[PDB]
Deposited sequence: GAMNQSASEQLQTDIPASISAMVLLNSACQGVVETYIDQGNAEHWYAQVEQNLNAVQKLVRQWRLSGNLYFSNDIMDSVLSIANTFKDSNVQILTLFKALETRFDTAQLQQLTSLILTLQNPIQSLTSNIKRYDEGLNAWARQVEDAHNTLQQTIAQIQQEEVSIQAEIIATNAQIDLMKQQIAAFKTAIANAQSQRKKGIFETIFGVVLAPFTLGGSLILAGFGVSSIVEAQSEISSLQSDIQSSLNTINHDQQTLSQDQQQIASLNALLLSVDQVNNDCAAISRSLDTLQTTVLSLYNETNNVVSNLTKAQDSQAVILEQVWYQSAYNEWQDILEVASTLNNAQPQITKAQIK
């Protein structure tokens, strides 16, 4: 596998992990709890949750909604440099094959060397995005841990409903595993997104005191995996409602609090997955850099036509791969997101 062959896999994988974070962020923004008749503990839950939602709005103000715009533009710049220089490079390779010439050799070497400029920008833009993502993630995790600790204190004090609190927490933890199984399973291009809302502590006339959000997304359509995820989450919620039948609505509100962490926790997961995908992508981009450095070095040292054409297999293989990368990256950069919203009650 060459570097460019690997990048055919590694580049959509990183954009794949990025789109998920948009959906997790959207799940946070759409999570809501109303005070109702609650007393004493509500103010801090509301404060903690508002603190997490503020961090998402700050993150989105960067403009990196479905993916890093700077990483995408550096990919496109590499691909366009290949596309724009193909004929001049192939012309020189051909001429040099027939008769070695020092000036044309220096010319062809300068053309390959122009590939290294958008490659440096890509590697630098990956590090700058990863650094900002990791800084933000640590703040999200701190805020998640504050809200979690608030909820644990409230719940451990409601000694008369610990049976129903445990049965509900059990279902919430199953929903987390089902979300994780979906993401495992998905690991014609576009951006396809489903946002979920989970209704808890309902009112007889309609509505509820809690709306817990989460979201998933992918760059190829996967309507079947989404449906299985939705049926699993529905069945978990139906189980929660069955197990809370013996509680008042005010007790339902307390027993359901950890659903507020569902989408916050997914933000933590998704940030981590992007970073791992970017470590992997960084390694492959440096492997492309070092292939170009080896061609530049071999061209600089070549004395005859034979030395020169040995470097043309690297070039033509990379050109063709990069024209496929161009089409995928442009499709994804041009895509209008296709969003569907699912209420689970």
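As a test: can you identify every run of the deposited sequence that has no C-alpha position in this structure, in order? Several regions go unmodelled: 1 to 4, 192 to 197.
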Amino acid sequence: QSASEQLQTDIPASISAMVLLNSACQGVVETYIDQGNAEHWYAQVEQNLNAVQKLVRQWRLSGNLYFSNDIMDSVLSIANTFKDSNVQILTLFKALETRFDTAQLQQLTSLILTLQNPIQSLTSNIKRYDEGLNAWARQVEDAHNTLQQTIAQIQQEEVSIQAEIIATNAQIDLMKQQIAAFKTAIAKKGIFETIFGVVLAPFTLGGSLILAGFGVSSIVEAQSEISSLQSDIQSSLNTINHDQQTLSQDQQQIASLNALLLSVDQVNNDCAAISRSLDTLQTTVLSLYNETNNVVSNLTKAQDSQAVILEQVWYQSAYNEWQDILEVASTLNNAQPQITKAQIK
From here on, numbers count along this sequence of modelled residues.
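Take the C-alpha B-factors listed in the entry for 202 to 210 and for 156 to 164, compute each mean, and give the stretch with the larger one. 156 to 164 has the higher mean C-alpha B-factor.
With respect to the recorded C-alpha B factors, which stretch has the higher mean value, 250 to 258 or 223 to 231? Between 250 to 258 and 223 to 231, it is 223 to 231.
Would you mind finding, among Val45, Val285, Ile309, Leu61, the residue with the largest C-alpha temperature factor in the entry? Spelled out: the listed residue with the top C-alpha B-factor is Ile309.
Residue with maximal Cα B-factor (values as given in the PDB entry) among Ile191, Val264, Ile71, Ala180: Highest CA B-factor of the listed options: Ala180.
Could you place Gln53 in the lowest, middle or highest third of its chain by Cα temperature factor, using the values in the record? According to the entry, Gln53 has a C-alpha B-factor in the chain's lowest third.
Rank-wise, by C-alpha B-factor, drop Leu90 into the lowest, middle or highest third of its chain. For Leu90, whose C-alpha B-factor we compare with every modelled residue in the chain, the answer is the highest third.
Using the temperature factors of the C-alpha atoms in this entry, rank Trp314 within its chain: lowest, middle or highest third. It belongs to the highest third of the chain when residues are ordered by C-alpha B-factor.
According to the PDB entry, is the CA B factor of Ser14 in the bottom, middle or top third of its chain, that is, lowest, middle or highest? Answer is lowest: the recorded C-alpha B-factor places it there.
Quick one: classify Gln1 as lowest, middle or highest third of the chain based on its Cα B-factor. According to the entry, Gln1 has a C-alpha B-factor in the chain's highest third.
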